[PDB]
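Going down the list, the protein sequences come from chains FK and FL.
When we follow the deposited numbering, the leftmost residue of the first sequence carries the number 564, and every step to the right adds one.
When we follow the deposited numbering, the leftmost residue of the second sequence carries the number 505, and every step to the right adds one.
Cβ atoms here follow ideal geometry from the backbone N, Cα and C, with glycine treated the same way.
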Amino acid sequence: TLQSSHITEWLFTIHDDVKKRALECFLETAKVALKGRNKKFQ
Amino acid sequence: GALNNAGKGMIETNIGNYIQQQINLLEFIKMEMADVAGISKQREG
């Protein structure tokens, strides 16, 4: 079962890079909503 | 007396044996291909 999860692990390696670069990009989106007089971020 | 008897004839081709001949050959090559890469069925699981 450890080497049947390898045939699908090519699909998970590229997926976790989209989850890495969408959370980086969301982090620069949160960085610019700070200077927008939003009183949530306090 | 064949017009009152002799059963009813079947137009039967034995392609079910010919379908098994190719399927037994498709299993053989997929095994043979697995050996030449060194990636067995136990390697894929």
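| Query | Result |
| --- | --- |
| Is it the case that the Cβ atoms of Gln566 of chain FK and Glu548 of chain FL are separated by a distance below 8 Å? | yes |
| In whole angstroms, what separates the C-alpha of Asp579 of chain FK from that of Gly542 of chain FL? | 29 Å |
| Please decide whether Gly549 of chain FL counts as near chain FK, where near means a Cβ-Cβ distance under 8 Å. | yes |
| Would a check of beta-carbon distances place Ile577 of chain FK closer than 8 Å to chain FL? | no |
| Which residues bound the alpha helix (DSSP H) around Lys582 of chain FK? | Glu572 to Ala596 |
| Could you tell me whether any Cβ in chain FL is nearer than 8 Å to the Cβ of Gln605 of chain FK? | no |
| Determine, using beta carbons only, whether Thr571 of chain FK comes closer than 8 Å to chain FL. | no |
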